[PDB]
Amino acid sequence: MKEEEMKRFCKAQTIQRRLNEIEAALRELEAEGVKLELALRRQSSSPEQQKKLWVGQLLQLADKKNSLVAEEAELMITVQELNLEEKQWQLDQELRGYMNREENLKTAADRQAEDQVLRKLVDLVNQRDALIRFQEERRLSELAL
C-alpha cells in the first residue's frame, strides 16, 4: 500500500488547515475578551443586568478557549506523529532497496550503509515511542487536580 503515503499526506494537510483555523479563532477570542474586560472595569457603574451579561459572555469565551487550546494540543502531537511516520517510511524504502540486492554484489561500504540505515530506522520507532510516553505523562499530569 502506497495508499498510505497519500493518506498520510492528506491527513497532514487537513490537520494544518484546522490548526490555521484554531489560531485565527484564538486571536479573535482574546481580542473580544480584552474588550469585555475593559467594559466591565470602565463601566464600574452600569446596570447590574448588563454587567452579569458581560461576565456571562466572558465565561462562554473562557470555555470556548479551553476547548480550542485542548484541541490544538492534540493536533500538534498528531502532526509530529505523521512527520515521524513519514521519515520511518523513507528509511524503510531505502533499506528495502539495500536488502533486495544480491549479497555477492555488495561492497564493504554498502554493507556499512545498510547497517546505518537499520539503526536509524529503529531509532525512529523509538522516537515515535517517546511521543507515546509524552502523552502518557501528560495524562497522569492533567489528572492532578
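Just count from 1 along the sequence shown to find any residue number.
**Student:** Taking the recorded C-alpha temperature factors, which stretch has the higher mean, 104-112 or 86-94?
**Tutor:** The recorded data point to 104-112.
**Student:** Which has the higher mean CA temperature factor in the PDB entry, 115-123 or 95-103?
**Tutor:** Higher mean C-alpha B-factor: 95-103.
**Student:** Taking the values straight from the PDB record, which of 70, 55, 79, 26 has the highest C-alpha temperature factor?
**Tutor:** So the option with the highest C-alpha B-factor is 55.
**Student:** Would you check the entry's CA temperature factor for residue 140 and let me know if it's in the chain's lowest, middle or highest third?
**Tutor:** Middle third by C-alpha B-factor.
**Student:** Tell me, lowest, middle or highest third: where does the Cα B factor of residue 2 rank within its chain?
**Tutor:** Answer is highest: the recorded C-alpha B-factor places it there.
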